[PDB]
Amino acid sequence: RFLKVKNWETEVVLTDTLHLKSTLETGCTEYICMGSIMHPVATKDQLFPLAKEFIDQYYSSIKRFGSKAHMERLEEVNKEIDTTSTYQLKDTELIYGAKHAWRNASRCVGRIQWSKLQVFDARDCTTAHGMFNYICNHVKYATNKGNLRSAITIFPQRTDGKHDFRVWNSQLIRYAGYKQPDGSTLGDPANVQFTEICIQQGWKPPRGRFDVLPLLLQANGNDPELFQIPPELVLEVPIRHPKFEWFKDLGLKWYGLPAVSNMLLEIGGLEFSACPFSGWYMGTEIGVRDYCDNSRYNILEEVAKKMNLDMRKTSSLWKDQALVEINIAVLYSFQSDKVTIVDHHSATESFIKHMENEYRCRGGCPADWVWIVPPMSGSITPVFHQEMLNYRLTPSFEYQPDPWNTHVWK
């Protein structure tokens, strides 16, 4: 059945037919909704239908369904799954599949940009040194002196599960976290475990507050190897406030390039376990989550201190006042340094426009309200009042286990 989604602010109603094309499961049932649950080695047998599905949708996309090339590709992929237990995507298919994995990412508010993705084919990589080279080129290309450009670098696909390529880092650029003897945490608390794994692997921590972690790179299932990103490649922004001259005295900074490196890219039944992809930041991703979460930098109290706010009772909303000011500073700093960044009002406004486009030309847009709504000022953004339908299309980005839980060392 067709399904309608209403925006309760504009009263626009859109009709979803695209959900009818999905086959993966969401985790909900008719009686239980798991919409706020964060996470609810193929064979030739399972592989060909997935490949056939994806080839069919590719040749449908380029308006050549049932063509000579289409019939030939199908048979070409048929004989190759038979005789090799897998197949290899054409370059065109790889690009199409990566763009559509972004397009199908129900949790991403930045998808208005989806077809503007620079795809780096790294399927000929064999060693971690090679991965490091490919990754530096990604970081340099995507950073582009502050005029950030979305990119993805795709390493060789999984074969037997024993030879995976993995980026052990959760992002390419992240700050170290140090669990202090006195209990607390220096640096970034999100990364305490990974930082310890890098130290145990030989990394010599500077033990500052903003130490860029090394790359820890696993090629073809071998042990991971440490690499330092050349510092001239790592663009950073000192956070200052446009009114509070004392803000810069907090000593804060962040990196310009958000580049997620621990997810899995699935295309036509093939699994790409190393596929770092980058875009540019929405300001709340730094100023709200990375700075004010209890298990992150947790700087809310100091800012409210310097603002001389009454912090005795929660109903003074001192946390809310300090949160807005931190986010003002983040946007101001990136914009003053001409580093690409988007505020949650512009981003969500763009996403509503993106939804309109997708419903017109595609029949729907899978979208995860729980993730699309920004972590502050929810209802004064247009996505808050936008009903969304969440469903799982492929190609897709998926979660995968942390490598240090599966990898057999030597």
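When you see a residue number, it is the position in the sequence shown, counting from 1. If you superpose the two forms and keep the largest set of C-alpha atoms that fall within 1.5 Å, you have the rigid core.
Student: Taking the root mean square of C-alpha distances over all structures and residues in 8 other deposited structures of this protein, with a rigid core superposition, name the larger of 287-295 and 155-163.
Tutor: Between the two stretches, 287-295 moves farther in 8 other deposited structures of this protein.
Student: State which stretch is farther from the displayed form on average in 8 other deposited structures of this protein, 296-304 or 111-119, counting RMS CA distance after fitting on the rigid core.
Tutor: With the rigid core superposed, the C-alphas that lie farther in 8 other deposited structures of this protein are those of 296-304.
Student: Of the other PDB entries compared that resolve residues on either side of residue 51, does at least a third omit it?
Tutor: Across the compared entries, residue 51 is modelled every time.
Student: Taking the other PDB entries of this protein that cover both neighbours, check whether residue 365 lacks coordinates in at least a third of them.
Tutor: No, none of the compared structures omit it.
Student: Can you count, per the entry, how many deposited residues between residue 40 and residue 41 come without coordinates? Answer none, 1 to 3, 4 to 9, or 10 or more.
Tutor: Count of unmodelled residues in between: 4 to 9.
Student: So which stretch wins on mean C-alpha B-factor, 150-158 or 248-256?
Tutor: Mean C-alpha B-factor is greater for 248-256.
Student: In the PDB record, does 223-231 or 71-79 carry the higher mean Cα temperature factor?
Tutor: It is 71-79 that shows the higher mean C-alpha B-factor.
Student: Can you tell me which of 186, 112, 237, 142 has the highest Cα temperature factor in the record?
Tutor: The listed residue with the largest C-alpha B-factor is 186.
Student: Can you pull the Cα B-factors for 301, 121, 93, 285 from the entry and say which is highest?
Tutor: Highest C-alpha B-factor among the listed residues goes to 301.
Student: So where's residue 34 on the chain's Cα temperature factor ranking, which third?
Tutor: As the PDB entry reports it, the C-alpha B-factor of residue 34 lands in the middle third of its chain.
Student: Quick check on the deposited entry: does the C-alpha B-factor of residue 366 sit in the lowest, middle or highest third of its chain?
Tutor: Answer is lowest: the recorded C-alpha B-factor places it there.
Student: Based on the deposited C-alpha B factors for this chain, I'd like to know if residue 25 is in the lowest, middle or highest third.
Tutor: Highest third.
Student: For residue 295, does the deposited CA B-factor place it in the lowest, middle or highest third of the chain?
Tutor: Its C-alpha B-factor, which the entry lists for residue 295, ranks in the middle third among residues of this chain.
Student: What third of its chain's C-alpha B-factors does residue 289 belong to: lowest, middle or highest?
Tutor: According to the entry, residue 289 has a C-alpha B-factor in the chain's middle third.
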